[PDB]
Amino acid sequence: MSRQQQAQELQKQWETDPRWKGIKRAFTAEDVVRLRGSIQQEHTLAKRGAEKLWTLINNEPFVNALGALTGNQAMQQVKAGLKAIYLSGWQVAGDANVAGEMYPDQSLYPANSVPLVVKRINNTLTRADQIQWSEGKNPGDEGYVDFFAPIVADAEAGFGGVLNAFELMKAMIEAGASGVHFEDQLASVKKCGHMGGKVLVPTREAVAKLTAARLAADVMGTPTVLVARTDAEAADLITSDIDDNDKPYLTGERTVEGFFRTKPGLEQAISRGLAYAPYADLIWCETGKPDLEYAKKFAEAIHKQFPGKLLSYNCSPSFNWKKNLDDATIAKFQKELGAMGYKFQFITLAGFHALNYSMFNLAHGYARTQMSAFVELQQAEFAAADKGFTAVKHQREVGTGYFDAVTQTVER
């Protein structure tokens, strides 16, 4: 099997497979072959998960996710009934990076931190499937869970340049991620104080990253779902003015550092979304205030040029939903976005809030009433059994039963 033969084979697949419908690549298949090496190592979960995610995203009304920061959190989301897992960069920074430090969301943690948390979840999901399968329960049977839910992972802005982006994608696929998202800001050069806020890079550079992320997915031989995030809705600063796509938004003012001020909002958002559309699989306008009217406008704006383009949407945990929206709007919210084209929706900091509220809640009681506090939680756990909560049986949950099986198999 020659280089030429591998390239034609690859090229036909981009042309034929409807997975790649309307997806531009600023590189040839001959390029992908040159950068493969001679042998291709298989990445099962990255491949199966990406295909599963693609299917779910295209057939289902929508898919909703919560941010997970541990394997257990992700597991309980699959057991609760969810179909995909979201890995927040913010959560990892905050409470689960390889540096073991607590950080804000400014790309401070080491570049391998999220891929290691992707592997954590997949290793936990792999264990649960093993526990299930070890107890005789086959696919088809009543109660059977597919524990290999697709993971979608935060890749920040690549942790530097195109090569960092390229390597970050690879780390993700190796760790078993089904989807990855690259944003178009520099959170490492955020201007502080009044007149500050987020800082964007040129469309030129955001595109070069996505090109890098797709090159990396191809070289790895996985059809990973690529998500393009834009921060243009609120980002009113840009590092440079060279890209003609961005000049229309310049207010003409500069800052001490040399950034150009820009006019934020929907129009800036749209020009990014449109520029990223040919290269990404989903587009995502990062929002702080959840608003269906805004969402409809953005959706329509993108759909004018790319009809039926899959979108994604993050529901802010910071926003006060009861104060600003009535129960009917809150209750219908995700369904309405689903109609619009927002096929992937998620709460980024779900796990943070859950973890942090649970423990504070228990502890405050514990400090006051001691063991009675714990029983409140325990009874709550028993009440949850009905709905599918097996973790009360703590030993079986971590895989005690499975490893006994292993020891019994060897000692016999």
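Residue positions are given as counts along the sequence shown, with the first one as 1.
Remark: stretch with higher mean C-alpha B factor among 279-287 and 87-95 is 279-287. As the entry records it, the average C-alpha temperature factor is higher for 376-384, out of 376-384 and 346-354. Residue-level inspection of the entry shows that, of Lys209, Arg261, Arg127, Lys79, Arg261 has the top Cα B-factor. Highest C-alpha temperature factor among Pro115, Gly140, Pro150, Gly158 per the entry: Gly140. When the modelled residues of the chain are ordered by their C-alpha B factor, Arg272 lands in the middle third. Ranked within its chain, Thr329 lands in the highest third, by CA B factor from the PDB record.
Split the chain's modelled residues into thirds by C-alpha temperature factor. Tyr313 is in the middle one.
Sorting the modelled residues of the chain by their CA temperature factor places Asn320 in the highest third. In this PDB entry, the Cα temperature factor of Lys335 sits in the top third of its chain's modelled residues, the highest group.
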